[PDB]
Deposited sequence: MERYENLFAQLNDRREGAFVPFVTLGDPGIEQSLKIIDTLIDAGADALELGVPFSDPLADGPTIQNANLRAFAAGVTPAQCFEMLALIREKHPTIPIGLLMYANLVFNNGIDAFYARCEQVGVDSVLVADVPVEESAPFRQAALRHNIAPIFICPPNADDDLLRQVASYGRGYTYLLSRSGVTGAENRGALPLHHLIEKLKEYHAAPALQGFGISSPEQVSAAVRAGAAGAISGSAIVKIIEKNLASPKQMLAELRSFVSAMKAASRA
């Protein structure tokens, strides 16, 4: 979690928002995925959210459902994803790396063991998409024992009790999915929550600036990056060009 603390401190000194793209590990294959990820970083990603392909991604829309399918078509396994994560960390020492996981993949071989492997490979946070705060205890306990931030979603239908729970239990950042927007952000700050990243519908530069203007620490592009992959499968070279273009624009929108 320290990498997030350091990132936010550095961005705050520059009056700057974070821009965080999501991609599915191993989509459309392991080698291209590694290249995609290094391109996102070079283009200005402040942090990464990385999904491990899972048979049943409940929290996910069509775009990511299809990314999972591509990764499975390429034979990508969780073990291969962990090898990828170790290589990504070995290349990039300071960028925060967060995983987007489903509970069965975390529980499958032991929750504690899962977070221990995350720590070994250099992961900074884990969001478990089908674990609500009410069920979170063993996941957040294992995360913190392994110096991993537990990431919670603050949904549109949040209430005060939920804000206080997310504020208390989360670390790293609070995943905001759009009470009015400015009110949620203000209340999370009042409750000393991890800094908020807006994750709903971040598909254009104007939405990044709007997130920062609203008081959030930054924005997560949950699916727009994956859409560029999907659109460009036939030309890896063009795919990388368009990813670079997009991330460059989105990051510029965060800057003071």
Exercise. In sequence order, what intervals of the deposited sequence carry no C-alpha positions?
Worked result: 179-190
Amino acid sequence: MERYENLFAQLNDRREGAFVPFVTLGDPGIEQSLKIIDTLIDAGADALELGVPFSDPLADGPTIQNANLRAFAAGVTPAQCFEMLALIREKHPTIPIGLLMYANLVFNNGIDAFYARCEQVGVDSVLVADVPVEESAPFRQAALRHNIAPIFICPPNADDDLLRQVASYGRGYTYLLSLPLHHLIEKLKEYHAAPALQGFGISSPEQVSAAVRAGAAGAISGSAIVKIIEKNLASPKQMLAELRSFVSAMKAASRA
From here on, numbers count along this sequence of modelled residues.
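Between two forms, the rigid core is the largest collection of C-alphas that superpose within 1.5 Å.
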Exercise. What stretch shows more C-alpha movement in 8 other deposited structures of this protein relative to this form, 154-162 or 68-76, after the core is superposed?
Worked result: 154-162
Seminar exercise, completed: Judged by RMS Cα deviation after a rigid core fit in 8 other deposited structures of this protein, the more variable of 26-34 and 59-67 is 59-67
For this session: Would you please confirm whether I88 lacks atomic coordinates in a third or more of the other entries that were compared?
Result: no
Exercise. Relative to the other PDB entries of this protein in the set, is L179 coordinate-less in at least a third?
Worked result: yes
Exercise. Given the B-factors recorded for C-alpha atoms, which segment has the greater mean, 152-160 or 124-132?
Worked result: 152-160
Seminar exercise, completed: Per the PDB entry, mean CA B-factor is higher for 40-48 or 197-205, namely for 197-205
For this session: Tell me which of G218, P62, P53, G29 tops the list for C-alpha B factor in the record.
Result: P62
Exercise. Going by the deposited entry, which of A79, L105, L177, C118 has the highest CA temperature factor?
Worked result: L177
Exercise. Lowest, middle or highest third: where is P21 by Cα B-factor in its chain?
Worked result: lowest
Exercise. Going by the entry, which third of its chain does the Cα temperature factor of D112 land in?
Worked result: lowest
For this session: Rank-wise, by C-alpha B-factor, drop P93 into the lowest, middle or highest third of its chain.
Result: middle
Seminar exercise, completed: Quick tally, chain-level thirds of C-alpha B-factors: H182 sits in the highest
For this session: Taking the chain's C-alpha temperature factors as the reference, tell me which third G170 falls into: lowest, middle or highest.
Result: middle
